[PDB]
């Protein structure tokens, strides 16, 4: 009570680079949320129903390093800024949110879980404003119901003068819409 989270680092800088080049990652994967990195950027992926979902503005068209080699995206939708890869073995897959609660939580890359009030299909307000610097690198992180089901993934921050009052996210309905058209 309530939802809590913690992070575990699995890779160093040099291992990251090499894995980027071979596309081979033999590590045990675990957790609901993966911490991801490219040469220039870090961000998050949320595993929902066997797909690891993240933002296009983080991952572009890239493969994900995997045990059998690089994994090709099974879903790429650029205009909604959503991509997904079939979830590697061991990723804990979450449940889409049904009930419709407007009381949400955003899980950041620092594994903080922060209260968000849903204001619309794709938007929610931070109950406490945070500096933009604190949210950076959290795109792809989950927005959750109090029960722990996923309502969407973090896309962009609404901010002024380095302070974010609200967040824009990709609703889990956009994901199945992609799983429809694709």
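Numbering follows the first chain given and starts at 1.
S.K.: Per the record, averaged over C-alpha atoms, which has the higher B-factor: 3-11 or 173-181?
M.R.: According to the entry, 173-181 carries the higher average C-alpha B-factor.
S.K.: If you average the Cα B factors in the entry, which is higher, 24-32 or 133-141?
M.R.: The entry gives the higher C-alpha B-factor average to 24-32.
S.K.: Between 44, 39, 116, 156, where does the Cα B-factor run highest in the record?
M.R.: Going by the entry's C-alpha B-factors, 39 comes out highest.
S.K.: Ranked by Cα temperature factor within the chain, is residue 76 in the lowest third, the middle third or the highest third?
M.R.: Its C-alpha B-factor, which the entry lists for residue 76, ranks in the lowest third among residues of this chain.
S.K.: In terms of the CA temperature factor given in the entry, to which third of its chain does residue 16 belong: lowest, middle or highest?
M.R.: Highest third - that is where residue 16 ends up once the chain's C-alpha B-factors are sorted.
S.K.: Going by the entry, which third of its chain does the Cα temperature factor of residue 49 land in?
M.R.: Its C-alpha B-factor belongs to the highest third of this chain's values.
S.K.: Please say which third, lowest, middle or highest, residue 84 falls into when its CA temperature factor is compared across its chain.
M.R.: Lowest third, going by the recorded CA B-factors of the chain.
S.K.: Could you tell me which third, lowest, middle or highest, the C-alpha B-factor of residue 92 occupies within its chain?
M.R.: Highest third.
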